[PDB]
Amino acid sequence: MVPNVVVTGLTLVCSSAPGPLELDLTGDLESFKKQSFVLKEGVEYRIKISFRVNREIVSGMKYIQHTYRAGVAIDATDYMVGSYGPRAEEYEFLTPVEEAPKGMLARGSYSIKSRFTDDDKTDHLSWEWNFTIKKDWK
């Protein structure tokens, strides 16, 4: 009896980005710790989580991101994802607009521990990824 919820991807949505910033969450999660998305400082972006619901309607879904710099915790954000019914086609949850930090002192890599859960603390999927703040895209 398959998992009711399957998280399939994370996308850093940003118009200015020279190319797609996507993670296939159905693959090897450990690999992302060795990778990072370049993100120009000060730009606005959104995090898009792609997922599927196989058998039953869900409610009170939540997406959580804890941020770190050099392994030192900074903050935690809990996003309400909502309710979704079973469907073959993936759903796409979008966080509200966020802004990349800005300034030389803010540049560098940051790690993000992500958790896609429900109102029961059920861990549908947990993964760690990174973005690197730079002065320019290239």
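Start at 1 with the first residue shown and count on from there.
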Using only C-alpha atoms and the B-factors in the entry, which stretch averages higher, 125 to 133 or 15 to 23?
15 to 23
Quick check on the record: does 77 to 85 or 107 to 115 carry the larger mean Cα temperature factor?
77 to 85
Name the residue from 72, 97, 49, 64 with the greatest C-alpha temperature factor listed in the entry.
97
Please place residue 53 in the lowest, middle or highest third of its chain by C-alpha B factor as given in the entry.
lowest
